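A short worksheet on the structure shown next.
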Amino acid sequence: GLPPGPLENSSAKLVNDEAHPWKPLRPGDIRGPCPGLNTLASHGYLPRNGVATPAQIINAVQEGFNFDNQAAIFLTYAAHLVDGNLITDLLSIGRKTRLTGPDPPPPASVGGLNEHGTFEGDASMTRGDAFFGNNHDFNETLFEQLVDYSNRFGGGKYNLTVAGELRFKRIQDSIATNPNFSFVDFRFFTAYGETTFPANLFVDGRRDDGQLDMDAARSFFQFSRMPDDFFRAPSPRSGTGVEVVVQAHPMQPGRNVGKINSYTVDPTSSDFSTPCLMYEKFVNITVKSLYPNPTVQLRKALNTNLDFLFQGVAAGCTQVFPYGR
Ligand code: HEM
Ligand SMILES: CCCCCCCCCCCCCC(=O)O
Ligand SMILES: *[C@@H]1O[C@H](CO)[C@@H](O)[C@H](O)[C@H]1NC(C)=O
Ligand SMILES: *[C@@H]1O[C@H](CO)[C@@H](O)[C@H](O)[C@H]1NC(C)=O
Ligand SMILES: *[C@@H]1O[C@H](CO)[C@@H](O)[C@H](O)[C@H]1NC(C)=O
Ligand SMILES: *[C@@H]1O[C@H](CO)[C@@H](O)[C@H](O)[C@H]1NC(C)=O
Ligand SMILES: *[C@@H]1O[C@H](CO)[C@@H](O)[C@H](O)[C@H]1NC(C)=O
Ligand SMILES: [Cl-]
Ligand SMILES: [Mg+2]
């Protein structure tokens, strides 16, 4: 389907409404590492079983949270290219499932958003690193660390100052304990953006003060549930304030080299000084390695979704064409 456009009416409004009640999971319902998508599925902005089309995801993040269009397009098509089924146009927001349809040939995995190292990655705030056995479920110990950092740096609330401190701690925790810790290219960028999302989109839009209370935080992160009478943000936004998080503790992209406490900077990795390189490497290396020699129908689907991905890329970058034009 074509990427949806921006909201016609982007005002704050009740999104926990009669048409979108929270419901508990049924057997087979899929939830994954993203509390935003999880909450939209659990309120029926997305299909409640957690399998959706890219267009459904873009409409849901806009309607439910006032996520901005360009950010919605970039993240959705990036996720779908590496984790979704390009022939059926379906993506799981969590585990791999037969519900995304017949699989493409190896080495493509169509693993859902749970797939480690495609979109999902290390030093998540409330989810453990994949090396420790579970990269998708809410983790109470990690959430209690978020509450502690909110008490120490946010007066009890999560805000961008807390984000800056927590983001760093999680990186340092992974360096100290995960011998396979990877923090380069796509993950490097998205990890920082994700820490702003609670302060920008989980805060009731009638306040929009960037101060997230811990009751609301737990509701979204653990139960995929909007607070009672939750109003969405009063304007489209995504990662505004990521500059504050980075400035708190500037880091170079890099990885542990098979041992703990061996963080080695990767000079081939993109960083905030090279955002177009991040896009080019995602397409020429990540997507191309999953689909090195696609058949006619897969090539067409890839090129279509790569065009859609480029719509979400900030002005100034050149489109790359791994399968030609
Ligand atoms: C637009 C499409 C979206 C996609 C494809 C997407 C995908 C993902 C994925 C795969 C992760 C896991 C990364 C990781 O931590 O390892 C993630 C994390 C996250 N997402 Fe989303 N997301 C989207 C939109 C949103 C929205 C609209 C919100 C908030 C309203 C949101 C909030 C978050 C948060 C807070 C995390 C971090 C969880 C943590 O570190 O504990 N996302 N997202
Ligand atoms: C992709 C970095 C995450 C930062 C959080 C804000 C979301 C913006 C989505 C990306 C839009 C432009 C991406 C690009 O120019 O490569
Ligand atoms: C836009 O939405 C607001 C509340 O969310 C509502 O008051 C207003 O009537 C709407 N405008 C249009 C275009 O219907
Ligand atoms: C280890 O890191 C590599 C990339 O460096 C990744 O492909 C692999 O899935 C990682 N394994 C775990 C469980 O972290
Ligand atoms: C949660 O994270 C903690 C701290 O990293 C870890 O020790 C624990 O094994 C994880 N899982 C659960 C189920 O608590
Ligand atoms: C976070 O809240 C605390 C206490 O109110 C404050 O010290 C800090 O400056 C706040 N940060 C932001 C971004 O408002
Ligand atoms: C991506 O591939 C295109 C050719 O399709 C090339 O022009 C560009 O330099 C490549 N970028 C990277 C980072 O490899
Ligand atoms: Cl928008
Ligand atoms: Mg993760």
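For the sequence shown, position 17 (counting from the first letter as 1) is numbered 19 according to PDB author numbering, and the numbering increases by one without interruption. From the three backbone atoms N, C-alpha and C, an ideal C-beta is built for every residue, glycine too.
Rounded to the nearest angstrom, the Cβ distance from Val-53 to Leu-101 is 5 Å, consistent with a contact under 8 Å. DSSP links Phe-233 through a beta bridge to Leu-16. Taking 9 Å as the cut-off, the beta carbon of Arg-50 is found closer than this to the beta carbon of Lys-25.
A direct Cα-Cα distance of roughly 20 Å separates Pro-238 from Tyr-160. With a cutoff of 8 Å, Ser-12 counts as near ligand 8, since its C-beta is closer than that to a heavy atom of the ligand. In this structure, the C-beta of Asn-180 approaches ligand 4 to less than 8 Å from one of its heavy atoms. The C-beta of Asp-231 has fewer than 16 other C-beta atoms within 10 Å across all chains shown, which makes the residue exposed.
Short of 8 Å from the beta carbon of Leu-300, and not among the five residues preceding or following it, lie these beta carbons of its own chain, in chain order: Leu-88, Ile-89, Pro-106 and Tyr-293. Contact fails between the stretch 151-169 and the stretch 108-118, because fewer than three Cβ pairs, one in each stretch, are under 8 Å apart.
For the pair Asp-210 and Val-298, the Cα-to-Cα distance works out to about 48 Å. Shortest gap from the CB of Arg-129 to any heavy atom of ligand 9: under 8 Å. Going by beta carbons, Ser-272 and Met-280 fall inside the 9 Å limit. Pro-104 has its alpha-carbon roughly 38 Å from the corresponding atom of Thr-143. If you ignore the 5 residues before and after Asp-217, its C-beta comes within less than 8 Å of the C-beta of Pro-229, all in its own chain and listed in chain order.
With a 10 Å radius around the Cβ and a threshold of 16 neighbouring Cβ atoms, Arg-189 comes out buried. Between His-45 and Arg-257, the C-beta gap is not smaller than 9 Å, which leaves the two residues out of contact. Approximately 7 Å separates the beta-carbon atoms of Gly-38 and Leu-203; this is inside 8 Å, confirming the contact. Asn-87 is bridged by DSSP to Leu-92. Considering only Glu-167, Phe-274, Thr-270 and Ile-75, the residue with the shortest C-alpha distance to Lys-283 is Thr-270. For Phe-310, the enclosing alpha helix (DSSP H) begins and ends at 298-313. In this chain, the alpha helix (DSSP H) harbouring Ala-218 covers 216-223. Within the DSSP bridge table, the entry for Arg-257 names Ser-184 and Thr-266 as partners. Contact between the stretch 26-37 and the stretch 64-72 is absent, with fewer than three C-beta pairs closer than 8 Å.
About 5 Å separates the beta carbon of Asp-124 from that of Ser-176, a gap short enough to meet the 8 Å contact definition.
Beta-carbon to beta-carbon, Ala-250 and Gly-166 are separated by about 3 Å, close enough to satisfy the 8 Å threshold.
With a cut-off of 8 Å, the C-beta of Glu-122 is classified as distant from ligand 2, since no heavy atom of the ligand falls inside that distance.
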